Structure formats: structure tokens, C-alpha cells
file entry28.csv (CSV, C-alpha atoms)
chain,number,residue,atom,x,y,z
M,1,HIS,CA,0.0,0.0,0.0
M,2,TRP,CA,1.4,3.5,-0.9
M,3,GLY,CA,3.0,5.5,1.8
M,4,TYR,CA,6.1,7.5,2.5
M,5,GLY,CA,8.7,4.8,3.2
M,6,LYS,CA,11.6,3.7,1.0
M,7,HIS,CA,9.6,0.8,-0.2
M,8,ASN,CA,6.2,2.3,-0.9
M,9,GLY,CA,7.3,5.9,-1.0
M,10,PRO,CA,6.4,8.7,-3.4
M,11,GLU,CA,9.0,7.3,-5.9
M,12,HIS,CA,7.0,4.1,-6.3
M,13,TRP,CA,3.5,5.6,-6.7
M,14,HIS,CA,3.7,5.5,-10.5
M,15,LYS,CA,3.5,1.7,-10.5
M,16,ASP,CA,0.0,1.8,-9.1
M,17,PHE,CA,-1.1,5.3,-10.2
M,18,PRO,CA,0.5,5.9,-13.6
M,19,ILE,CA,-0.7,9.4,-13.5
M,20,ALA,CA,2.1,10.1,-11.0
M,21,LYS,CA,4.1,10.9,-14.2
M,22,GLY,CA,1.3,13.1,-15.5
M,23,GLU,CA,1.4,16.5,-17.2
M,24,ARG,CA,-0.2,18.6,-14.4
M,25,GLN,CA,1.0,17.0,-11.2
M,26,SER,CA,1.6,18.6,-7.7
M,27,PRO,CA,3.4,19.9,-5.7
M,28,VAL,CA,5.9,22.1,-7.7
M,29,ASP,CA,8.6,24.7,-6.8
M,30,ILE,CA,7.2,28.2,-7.1
M,31,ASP,CA,9.9,30.4,-8.7
M,32,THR,CA,9.0,33.9,-7.5
M,33,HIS,CA,11.0,35.5,-10.3
M,34,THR,CA,9.5,33.9,-13.4
M,35,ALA,CA,5.9,33.8,-11.9
M,36,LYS,CA,3.7,35.9,-14.1
M,37,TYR,CA,1.9,38.6,-12.1
M,38,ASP,CA,-1.6,38.5,-13.4
M,39,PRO,CA,-3.7,41.6,-12.7
M,40,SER,CA,-7.0,40.3,-14.0
M,41,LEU,CA,-7.3,38.1,-11.0
M,42,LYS,CA,-10.2,39.0,-8.8
M,43,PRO,CA,-9.4,38.7,-5.1
M,44,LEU,CA,-10.3,35.7,-2.9
M,45,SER,CA,-13.6,35.5,-1.2
M,46,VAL,CA,-13.3,33.2,1.9
M,47,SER,CA,-16.4,32.8,4.1
M,48,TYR,CA,-15.9,30.5,7.0
M,49,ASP,CA,-18.3,32.3,9.3
M,50,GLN,CA,-20.7,29.4,9.0
M,51,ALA,CA,-18.3,26.5,8.9
M,52,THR,CA,-19.3,23.3,10.7
M,53,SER,CA,-16.4,21.1,11.6
M,54,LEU,CA,-17.4,17.5,12.7
M,55,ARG,CA,-14.6,14.9,13.0
M,56,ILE,CA,-10.9,14.6,13.1
M,57,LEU,CA,-9.3,11.2,12.0
M,58,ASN,CA,-6.0,9.6,11.6
M,59,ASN,CA,-6.2,8.0,8.2
M,60,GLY,CA,-2.8,6.4,8.3
M,61,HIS,CA,-1.3,9.1,6.0
M,62,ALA,CA,-2.3,12.3,7.8
M,63,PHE,CA,-5.0,13.6,10.1
M,64,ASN,CA,-8.1,15.2,8.7
M,65,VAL,CA,-10.6,17.7,10.2
M,66,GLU,CA,-13.9,17.2,8.3
M,67,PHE,CA,-16.7,19.7,7.8
M,68,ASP,CA,-20.4,19.4,6.9
M,69,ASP,CA,-20.6,20.2,3.2
M,70,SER,CA,-24.3,19.4,2.7
M,71,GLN,CA,-24.9,23.1,2.1
M,72,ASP,CA,-22.9,26.2,1.3
M,73,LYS,CA,-21.6,26.7,4.8
M,74,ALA,CA,-17.9,27.6,4.4
M,75,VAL,CA,-17.2,28.5,0.7
M,76,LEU,CA,-14.3,29.7,-1.4
M,77,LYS,CA,-14.9,32.1,-4.4
M,78,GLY,CA,-13.0,34.8,-6.1
M,79,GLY,CA,-9.4,34.5,-7.3
M,80,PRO,CA,-9.1,32.4,-10.5
M,81,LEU,CA,-12.2,30.4,-9.7
M,82,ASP,CA,-15.6,30.3,-11.4
M,83,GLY,CA,-18.3,29.2,-9.0
M,84,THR,CA,-18.6,28.3,-5.4
M,85,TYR,CA,-16.3,25.7,-4.0
M,86,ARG,CA,-17.3,24.3,-0.6
M,87,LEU,CA,-14.9,23.2,2.2
M,88,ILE,CA,-15.0,19.5,2.7
M,89,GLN,CA,-11.8,18.9,4.8
M,90,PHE,CA,-8.3,20.2,5.8
M,91,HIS,CA,-5.0,18.3,6.4
M,92,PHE,CA,-1.3,18.9,7.0
M,93,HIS,CA,2.0,17.7,5.8
M,94,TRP,CA,5.0,17.9,8.1
M,95,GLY,CA,8.6,16.8,8.4
M,96,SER,CA,10.7,15.2,11.0
M,97,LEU,CA,12.8,18.3,11.3
M,98,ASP,CA,11.9,22.0,11.1
M,99,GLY,CA,13.6,22.4,7.8
M,100,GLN,CA,11.3,20.2,5.7
M,101,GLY,CA,7.7,19.4,5.7
M,102,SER,CA,6.0,21.5,3.1
M,103,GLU,CA,5.1,20.0,-0.3
M,104,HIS,CA,5.3,23.2,-2.3
M,105,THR,CA,8.6,25.2,-2.0
M,106,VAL,CA,9.2,28.8,-2.8
M,107,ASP,CA,12.3,29.3,-4.8
M,108,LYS,CA,13.3,25.8,-3.5
M,109,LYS,CA,12.8,26.8,0.2
M,110,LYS,CA,11.0,24.2,2.3
M,111,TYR,CA,8.7,25.1,5.2
M,112,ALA,CA,8.1,23.2,8.5
M,113,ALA,CA,4.6,22.1,7.4
M,114,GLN,CA,1.8,23.0,4.9
M,115,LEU,CA,-1.9,23.0,5.3
M,116,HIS,CA,-4.4,22.2,2.6
M,117,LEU,CA,-8.0,23.3,3.0
M,118,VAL,CA,-9.8,21.3,0.4
M,119,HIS,CA,-12.9,22.6,-1.5
M,120,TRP,CA,-15.0,21.0,-4.3
M,121,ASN,CA,-16.9,22.6,-7.2
M,122,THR,CA,-20.6,22.6,-6.3
M,123,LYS,CA,-21.6,22.6,-10.0
M,124,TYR,CA,-20.7,18.9,-9.8
M,125,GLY,CA,-22.9,17.7,-7.0
M,126,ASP,CA,-20.5,15.6,-4.9
M,127,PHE,CA,-16.8,15.3,-4.1
M,128,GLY,CA,-16.6,12.1,-6.0
M,129,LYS,CA,-17.8,13.6,-9.2
M,130,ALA,CA,-15.8,16.8,-8.6
M,131,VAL,CA,-12.5,14.9,-8.6
M,132,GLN,CA,-13.4,13.7,-12.2
M,133,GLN,CA,-13.1,17.2,-13.5
M,134,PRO,CA,-10.2,19.5,-14.6
M,135,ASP,CA,-11.8,22.2,-12.4
M,136,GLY,CA,-13.2,20.1,-9.6
M,137,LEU,CA,-11.3,21.1,-6.5
M,138,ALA,CA,-9.8,24.3,-5.2
M,139,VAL,CA,-7.1,23.7,-2.6
M,140,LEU,CA,-5.8,26.5,-0.4
M,141,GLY,CA,-2.3,25.9,0.7
M,142,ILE,CA,-0.7,27.7,3.6
M,143,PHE,CA,2.9,27.3,4.8
M,144,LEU,CA,3.7,27.0,8.5
M,145,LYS,CA,7.0,28.2,9.8
M,146,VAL,CA,8.3,27.7,13.4
M,147,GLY,CA,8.4,30.8,15.6
M,148,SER,CA,5.6,32.1,17.8
M,149,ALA,CA,2.5,30.0,18.5
M,150,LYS,CA,-0.7,30.1,16.6
M,151,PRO,CA,-3.4,30.2,19.2
M,152,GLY,CA,-6.2,29.1,16.9
M,153,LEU,CA,-4.4,25.8,16.1
M,154,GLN,CA,-3.9,24.7,19.7
M,155,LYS,CA,-7.4,23.2,19.8
M,156,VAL,CA,-6.3,20.8,17.1
M,157,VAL,CA,-3.0,20.1,18.9
M,158,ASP,CA,-4.8,19.0,22.1
M,159,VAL,CA,-7.1,16.3,20.5
M,160,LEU,CA,-4.2,14.6,18.7
M,161,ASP,CA,-3.8,12.1,21.6
M,162,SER,CA,-7.3,10.7,20.9
M,163,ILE,CA,-6.3,9.8,17.3
M,164,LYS,CA,-2.7,8.6,17.7
M,165,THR,CA,-3.1,5.4,15.5
M,166,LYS,CA,-4.3,4.8,12.0
M,167,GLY,CA,-8.1,4.5,12.0
M,168,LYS,CA,-9.0,6.4,15.2
M,169,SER,CA,-11.4,9.4,14.8
M,170,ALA,CA,-13.0,11.7,17.3
M,171,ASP,CA,-15.7,14.3,17.4
M,172,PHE,CA,-14.5,17.8,16.7
M,173,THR,CA,-17.3,20.2,16.5
M,174,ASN,CA,-17.2,24.0,16.8
M,175,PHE,CA,-13.7,24.5,15.3
M,176,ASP,CA,-13.3,27.8,13.4
M,177,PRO,CA,-11.0,27.5,10.4
M,178,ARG,CA,-10.5,31.3,10.3
M,179,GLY,CA,-7.9,31.1,13.0
M,180,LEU,CA,-5.6,29.2,10.7
M,181,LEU,CA,-5.6,32.0,8.0
M,182,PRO,CA,-2.7,34.5,7.7
M,183,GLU,CA,-3.3,38.3,7.6
M,184,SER,CA,-2.8,38.8,3.8
M,185,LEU,CA,-4.6,36.9,1.0
M,186,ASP,CA,-2.0,37.5,-1.8
M,187,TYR,CA,-1.4,34.3,-3.6
M,188,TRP,CA,0.0,32.2,-6.5
M,189,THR,CA,-2.2,29.9,-8.5
M,190,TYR,CA,-1.7,27.2,-11.1
M,191,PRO,CA,-3.5,24.0,-12.2
M,192,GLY,CA,-2.3,20.7,-10.7
M,193,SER,CA,-3.3,17.5,-8.9
M,194,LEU,CA,-3.9,15.9,-5.6
M,195,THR,CA,-0.6,15.2,-3.8
M,196,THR,CA,-1.6,11.7,-2.8
M,197,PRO,CA,-3.2,8.8,-4.6
M,198,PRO,CA,-5.3,8.8,-6.7
M,199,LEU,CA,-3.2,11.9,-7.7
M,200,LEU,CA,-6.0,13.0,-10.0
M,201,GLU,CA,-5.5,16.2,-12.0
M,202,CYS,CA,-8.5,18.2,-10.8
M,203,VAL,CA,-7.1,21.0,-8.7
M,204,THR,CA,-6.6,24.7,-9.1
M,205,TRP,CA,-4.0,25.3,-6.5
M,206,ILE,CA,-4.1,28.5,-4.6
M,207,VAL,CA,-1.0,28.9,-2.4
M,208,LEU,CA,-1.0,31.9,-0.1
M,209,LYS,CA,2.2,33.9,-0.2
M,210,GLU,CA,2.1,34.6,3.5
M,211,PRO,CA,2.9,31.8,6.0
M,212,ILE,CA,1.6,31.4,9.6
M,213,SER,CA,3.9,30.9,12.6
M,214,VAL,CA,3.5,27.9,15.0
M,215,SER,CA,5.7,27.2,18.0
M,216,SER,CA,8.1,24.2,18.1
M,217,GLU,CA,6.1,22.3,20.7
M,218,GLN,CA,2.9,22.9,18.7
M,219,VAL,CA,4.5,21.3,15.6
M,220,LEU,CA,6.2,18.8,17.9
M,221,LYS,CA,2.8,17.2,18.7
M,222,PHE,CA,2.3,16.6,15.0
M,223,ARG,CA,5.3,14.3,15.1
M,224,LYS,CA,3.9,12.0,17.9
M,225,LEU,CA,1.2,10.6,15.5
M,226,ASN,CA,1.4,7.1,14.0
M,227,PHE,CA,1.2,5.8,10.5
M,228,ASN,CA,0.6,2.4,12.0
M,229,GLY,CA,-2.7,1.0,13.2
M,230,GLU,CA,-3.2,0.1,16.8
M,231,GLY,CA,-1.3,-2.9,18.1
M,232,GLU,CA,1.3,-2.7,15.4
M,233,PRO,CA,5.0,-1.6,15.6
M,234,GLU,CA,5.2,2.2,16.1
M,235,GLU,CA,6.0,4.0,12.9
M,236,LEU,CA,5.9,7.7,13.7
M,237,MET,CA,4.0,9.9,11.2
M,238,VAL,CA,6.7,12.4,10.1
M,239,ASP,CA,7.7,13.5,6.6
M,240,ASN,CA,4.3,12.7,5.0
M,241,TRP,CA,5.0,14.9,2.0
M,242,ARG,CA,5.5,14.4,-1.7
M,243,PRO,CA,8.5,16.0,-3.4
M,244,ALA,CA,8.1,18.8,-6.0
M,245,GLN,CA,7.2,17.8,-9.5
M,246,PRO,CA,8.3,19.2,-13.0
M,247,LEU,CA,6.2,22.2,-14.0
M,248,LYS,CA,5.9,21.3,-17.7
M,249,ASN,CA,3.4,23.2,-19.8
M,250,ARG,CA,2.2,25.3,-16.9
M,251,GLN,CA,2.5,28.9,-15.8
M,252,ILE,CA,2.1,30.1,-12.2
M,253,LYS,CA,0.3,33.3,-12.1
M,254,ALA,CA,0.5,35.6,-9.1
M,255,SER,CA,-2.1,38.1,-7.7
M,256,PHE,CA,0.5,40.5,-6.5
M,257,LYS,CA,3.5,42.7,-7.3
call {"tool": "encode", "arguments": {"input": "entry28.csv", "output": "C-alpha cells"}}
result
Amino acid sequence: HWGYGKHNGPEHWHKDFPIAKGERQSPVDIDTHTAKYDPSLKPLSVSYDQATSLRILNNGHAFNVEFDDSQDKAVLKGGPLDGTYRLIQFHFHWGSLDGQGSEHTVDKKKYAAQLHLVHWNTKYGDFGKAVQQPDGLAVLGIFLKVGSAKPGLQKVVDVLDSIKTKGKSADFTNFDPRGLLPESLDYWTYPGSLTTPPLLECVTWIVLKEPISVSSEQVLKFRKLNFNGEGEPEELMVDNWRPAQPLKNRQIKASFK
């Protein structure tokens, strides 16, 4: 089964998911110098005032906070998108050291972690159909650097004990995703794919320029998680990130100068 180890690692995914060597794969290295500043890009409209978080679960690859997307509760609009995209879940990617952990890099610079708030195109009915389309999902990536502590993330840091091993899940109501957002909404955007199997090419990636800060001990609790299921040898969940992929026939536009 795919994973992040030398034997089932990101370098082996192609054998099961041929699309791993596709044309529009993610993540990629954002070269800030050759990124084409596009001025016709409307600004992001993020409305998480009505968001309903529900569960948090260790899926054996990462932990996910899930939201109720049976109605336009927390939606993403603006930017390069056409239509409403509704938040279905958010997850992280982190490293075993502070100098690695992000999937996307900026001018080859790796961050301590990276958050993906996943959204699907409502013109498509459900998430399962949305992943079948070139414009199905809109993922909002945010880099995390280690410095001061992000208060709004602590709630998540506390519950991690309850879901230490692959498979455990736990109620997680009343969580506000607005506490994870940085001050500025300037971004870079480009078309890409999911960074894990099935690695479908249905994403319009929106990577915020501005990272948020988290304390060491805050990110340190991300590293105590387990890839393994209960009653199995302990394999710590660290470095659950895919390396940067070739940009190819793509252009990264930017919403700022």
C-alpha cells in the first residue's frame, strides 16, 4: 500500500497510479521571479463564518478535520475560480525536522509544514464527481514556519492524543478555520493535482504567499502521531510529503506585485 517509506514511497506511486508521471502534477517549486503577475485576478472571497467542523481522524497518512458540506456553509470564491467551492476537509504535511515538511517550495525553500484546506466545485454535486473534472477542487495551501504559537491551532494540537493510531477518529465540533488563516490573502495559482493517490489532476492550486507561525512544541505534537494501526509496531508519522514535480506546460500566475 502506498505511503512515504523507501519501499512504498512517493518514488513508487507510479506503478499503481501511472498518473504520477502526468502532465499537471503537484506539488511544484514556485519560482517567484518567473511567476507571471496576473492583474485580471479577482481577489479571494473566503467565508468561513458558518463553517461546521465535525470529526478529526488519523487516516494512516495524515489527520483530517472534516466539515459538513451538505450546504454552502464555508465556501471559497474569487481568485481564479468560477463558481462556489465548498470546504470539505483540511489536512497537514509535516517533516521530522523544522527544515522540511512543506510539499510546495518557494524558490526551492522548504517550510516546516503545509496546510491544505480542500474545496470541491458545487456545480458537480458531490466530491466524488468533482475529482473527475479538470476544475473540480480548489485547494488553499498555507505554509507553516516555526516561531511564535498560533493560538487558533492549539485546539487541534490537544485532541491529537485521541487519534494517535491509524483509524481512530474523534468528534471535533465548533472548530473555526478562520484562526488558521494569515493576515494577507495574496497568492500564486496554477493548475495541478492531488498530492496523494489517486493523484487526480482536478485541482486549481491557490498557495497563499504569507505563512503562519507555530511554536516548536505545537508542531512537535504533529510528530507524535502514528502511520501504523493500533497494536502494530510504532512508525511515527513524520515526513508525509510528496517532493516537487516538474512544472511542464504550466504557468504560475500571481495576484500581486
call {"tool": "closest_atom_pairs", "arguments": {"input": "entry28.csv", "of": "region 30-61 of chain M", "to": "region 186-204 of chain M", "cutoff": "12 Å", "atoms": "all atoms listed in the file", "output": "tab-separated table"}}
result
residue	atom	partner	partner_atom	distance
M:30	CA	M:188	CA	8.3
M:31	CA	M:188	CA	10.3
M:32	CA	M:188	CA	9.2
M:34	CA	M:188	CA	11.9
M:35	CA	M:188	CA	8.2
M:36	CA	M:188	CA	9.2
M:37	CA	M:188	CA	8.7
M:38	CA	M:188	CA	9.5
M:39	CA	M:186	CA	11.8
M:41	CA	M:189	CA	10.0
M:42	CA	M:186	CA	10.9
M:43	CA	M:186	CA	8.2
M:44	CA	M:186	CA	8.6
M:45	CA	M:186	CA	11.8
M:61	CA	M:196	CA	9.2
call {"tool": "closest_atom_pairs", "arguments": {"input": "entry28.csv", "of": "region 9-77 of chain M", "to": "region 224-242 of chain M", "cutoff": "10 Å", "atoms": "all atoms listed in the file", "output": "Markdown table"}}
result
| residue | atom | partner | partner_atom | distance |
| --- | --- | --- | --- | --- |
| M:9 | CA | M:242 | CA | 8.7 |
| M:10 | CA | M:242 | CA | 6.0 |
| M:11 | CA | M:242 | CA | 9.0 |
| M:26 | CA | M:242 | CA | 8.3 |
| M:27 | CA | M:242 | CA | 7.1 |
| M:28 | CA | M:242 | CA | 9.8 |
| M:58 | CA | M:226 | CA | 8.2 |
| M:59 | CA | M:227 | CA | 8.1 |
| M:60 | CA | M:227 | CA | 4.6 |
| M:61 | CA | M:227 | CA | 6.1 |
| M:62 | CA | M:240 | CA | 7.2 |
| M:63 | CA | M:225 | CA | 8.8 |
call {"tool": "write_last_selection", "arguments": {"input": "entry28.csv", "atoms": "C-alpha atoms", "output": "compact mmCIF listing (two decimals), in the coordinates of the input"}}
result
# COMPACT_ATOMS: atom_id res chain seq x y z
CA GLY M 9 7.30 5.90 -1.00
CA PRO M 10 6.40 8.70 -3.40
CA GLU M 11 9.00 7.30 -5.90
CA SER M 26 1.60 18.60 -7.70
CA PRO M 27 3.40 19.90 -5.70
CA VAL M 28 5.90 22.10 -7.70
CA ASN M 58 -6.00 9.60 11.60
CA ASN M 59 -6.20 8.00 8.20
CA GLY M 60 -2.80 6.40 8.30
CA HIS M 61 -1.30 9.10 6.00
CA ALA M 62 -2.30 12.30 7.80
CA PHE M 63 -5.00 13.60 10.10
call {"tool": "residues_around", "arguments": {"input": "entry28.csv", "residues": "region 98-104 of chain M", "least_positions_apart": "2", "cutoff": "7 Å", "atoms": "all atoms listed in the file", "output": "PyMOL selection string"}}
result
chain M and resi 27-29+93-96+106+110-114+143+239+241-244
call {"tool": "write_last_selection", "arguments": {"input": "entry28.csv", "atoms": "C-alpha atoms", "output": "PDB file, in the coordinates of the input"}}
result
ATOM      1  CA  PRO M  27       3.400  19.900  -5.700  1.00  0.00           C
ATOM      2  CA  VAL M  28       5.900  22.100  -7.700  1.00  0.00           C
ATOM      3  CA  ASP M  29       8.600  24.700  -6.800  1.00  0.00           C
ATOM      4  CA  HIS M  93       2.000  17.700   5.800  1.00  0.00           C
ATOM      5  CA  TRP M  94       5.000  17.900   8.100  1.00  0.00           C
ATOM      6  CA  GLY M  95       8.600  16.800   8.400  1.00  0.00           C
ATOM      7  CA  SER M  96      10.700  15.200  11.000  1.00  0.00           C
ATOM      8  CA  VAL M 106       9.200  28.800  -2.800  1.00  0.00           C
ATOM      9  CA  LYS M 110      11.000  24.200   2.300  1.00  0.00           C
ATOM     10  CA  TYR M 111       8.700  25.100   5.200  1.00  0.00           C
ATOM     11  CA  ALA M 112       8.100  23.200   8.500  1.00  0.00           C
ATOM     12  CA  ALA M 113       4.600  22.100   7.400  1.00  0.00           C
ATOM     13  CA  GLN M 114       1.800  23.000   4.900  1.00  0.00           C
ATOM     14  CA  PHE M 143       2.900  27.300   4.800  1.00  0.00           C
ATOM     15  CA  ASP M 239       7.700  13.500   6.600  1.00  0.00           C
ATOM     16  CA  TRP M 241       5.000  14.900   2.000  1.00  0.00           C
ATOM     17  CA  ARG M 242       5.500  14.400  -1.700  1.00  0.00           C
ATOM     18  CA  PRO M 243       8.500  16.000  -3.400  1.00  0.00           C
ATOM     19  CA  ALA M 244       8.100  18.800  -6.000  1.00  0.00           C
TER      20      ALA M 244
END
call {"tool": "closest_residue", "arguments": {"input": "entry28.csv", "among": "M:109, M:56, M:124, M:138", "to": "residue 164 (chain M)", "atoms": "all atoms listed in the file"}}
result
M:56
call {"tool": "closest_residue", "arguments": {"input": "entry28.csv", "among": "M:86, M:77, M:169, M:33", "to": "residue 257 (chain M)", "atoms": "only C-alpha atoms"}}
result
M:33
call {"tool": "closest_residue", "arguments": {"input": "entry28.csv", "among": "M:218, M:165, M:84, M:70", "to": "residue 153 (chain M)", "atoms": "all atoms listed in the file"}}
result
M:218
call {"tool": "residues_around", "arguments": {"input": "entry28.csv", "residues": "residue 120 (chain M)", "least_positions_apart": "2", "cutoff": "8 Å", "atoms": "only C-alpha atoms", "output": "list in words"}}
result
residues 85, 86, 87, 88, 118, 122, 126, 127, 130, 131, 136, 137 and 138 of chain M
call {"tool": "atom_distance", "arguments": {"input": "entry28.csv", "atom1": "CA of residue 154 (chain M)", "atom2": "CA of residue 49 (chain M)"}}
result
19.3 Å
call {"tool": "atom_distance", "arguments": {"input": "entry28.csv", "atom1": "CA of residue 216 (chain M)", "atom2": "CA of residue 145 (chain M)"}}
result
9.3 Å
call {"tool": "closest_residue", "arguments": {"input": "entry28.csv", "among": "M:20, M:156, M:212, M:140", "to": "residue 79 (chain M)", "atoms": "all atoms listed in the file"}}
result
M:140
